[PDB]
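In the structure tokens that follow, a single protein chain appears in two forms: structure 1, then structure 2.
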Structure 1
């Protein structure tokens, strides 16, 4: 036809996703997400909607041969340049904001759903594909990456939009870090990890129903994030923590974050 499959990128939440050639015009790799039923620079564009049976659709999406991870995992020992971070970060938010309004919630902001062009333009994506981390040290055990899942969600309380903001802070952190910030193996374990840094929120910030109540956890500190997100600046520290805030109502908005003095 006007596209040529070349591989199953993988299989996940959304069926299998493939890499194809956009010979339709020429060259360019593209992604195919098969779907049965019965504009922004920083967001992957839907290119086409092939009807595979009169319904089966085949969405053809923009695609990039680099994600936030391979890039970070690639950069020179000193690290991503300050402004580079600030930049990706701005776009990451910019497209984020765009998603939110138009009432869309990403819900899966891992760095693998974050594409970065050779140019450096950031375009969010959503393959619904998993990645399974095996663990370091003796009592090894697998974990799929939820290291970017908000408290609200680990707690199974809220699943509101701020959900995405938690995820961005986690990423922001990882741009200075070049290693995921909070990396546990269980929902409760993950909660642990978040808390050792951000500290036991106040009883008034934790929700009722929840299977994991505040009492389940220790108070232990509220460590200065900077001994983790090494080298962030003060204005960033502010934005970072404005994302990384346990209580979702009291968590910065994308729209707002965007207007933050880090991007002065």
Structure 2
């Protein structure tokens, strides 16, 4: 092990190659609910080898070690040091694509990744998206019970805050928030409580009418991103676009 890259997520080499890997030495009711969920999903879907989801290599066991592929940096470090004027125009269009791609993946396998944050999203040297930390992730069957605590404060979709039942649109919320943060290299919504947070939001999207209840350039964006971003932050979650419907939207048609 060398230098920590996550609060505990290490970084080391191996006896096979001194190649780069990420180590997650999980400190252990038996095995923590979350890591069992995380791994279970990742091994379930792994043979599909999707471009946009980190690979896992092994597990072993008192202490526990969880071994992944290494990535250059998290999108957090990226945005915090990308030469002015920050992430370029089209690099932005591109990572939005891969994000919505690895998330079109996921949802189609009835999986929801409800912990979408730039701390979690990864970026390989070649500038490719790798989604990580699948602790809060699980298969969505129907009529199944739900905790009331997913996503870090700043990326939490409304309806979650409103203590309603969530679903997939929870992923698209954070997306149209990371879409936002990317342009303006700082978190778009920075509350302090579930109620402050619902405010920072509600004093932007505006007052949802009686039907949707259980300036935006204001906050350097294309005319087209600003329909996508509005589509991913429509209050009503049965109105929020789907990653599939979004991948096809006009903001994207000009692309590598």
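Positions refer to the first chain, counted from 1. We call the rigid core whatever largest set of C-alpha positions still superposes within 1.5 Å between the two forms.
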Discussion item. Can you tell me which of these residues, 105, 75, 188, 129, is the one whose C-alpha shifts by at least 2 angstroms between structure 1 and structure 2 after a rigid core fit?
Written reply: 129
Worksheet entry | C-alpha of residue 60 off by 2 Å or more between structure 1 and structure 2 on rigid core | yes
Worksheet item: Hey, does residue 145 budge by 2 Å or more at the Cα between structure 1 and structure 2 once the core is superposed?
Response: yes
Item to complete: For residue 239, state whether the C-alpha moves by 2 Å or more between structure 1 and structure 2 after rigid core superposition.
Response: no
Worksheet entry | between structure 1 and structure 2, how far the Cα of residue 46 shifts once the core is aligned, in Å | 2.8
Worksheet item: In Å, how large is the CA movement of residue 202 between structure 1 and structure 2 relative to the superposed rigid core?
Response: 1.1
Worksheet item: Taking the rigid core as the frame of reference, how far in Å is the Cα of residue 32 displaced between structure 1 and structure 2?
Response: 4.8
